[PDB]
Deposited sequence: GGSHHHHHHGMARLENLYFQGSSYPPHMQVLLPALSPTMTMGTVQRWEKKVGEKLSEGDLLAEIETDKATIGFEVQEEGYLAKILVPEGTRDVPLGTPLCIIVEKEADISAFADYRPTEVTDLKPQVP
């Protein structure tokens, strides 16, 4: 079906946070992701937060475009793949061991 991939879900980035605005993407589809790179600015009621990449790979697809307000906790924000060879498969929206 699809090559091994991973969804990045919007976490509670502060203890009271129930939703966030995706203010800005800081990575492009195609770009390599290292652990701790800046991925997006997420804006709440309480803060503008630098959201960091937690697992390495490549940005396969962006699910939530820049400027989407009030995105709930848990919504898939983007799709990450292990190797760059796999990216083209995702312009279409468990060996991940």
Extract from the deposited sequence all ranges with no corresponding C-alpha coordinates, numbering residues from 1. 1-22, 116-120, 125-128
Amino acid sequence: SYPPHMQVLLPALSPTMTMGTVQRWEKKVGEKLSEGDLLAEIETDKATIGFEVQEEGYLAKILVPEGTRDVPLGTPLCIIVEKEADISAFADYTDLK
From here on, numbers count along this sequence of modelled residues.
State the tercile, meaning the lowest, middle or highest third, of residue 70 with respect to the CA B-factors recorded for its chain. lowest
If you rank every modelled residue in this chain by C-alpha B factor, which third holds residue 31: lowest, middle or highest? middle
Taking the entry's C-alpha B-factors for this chain, is residue 45 in the lowest, middle or highest third? lowest
Ranked against its chain, the third holding the CA B-factor of residue 77: middle
Of the three thirds of Cα B-factor ranks in this chain, residue 89 occupies the highest
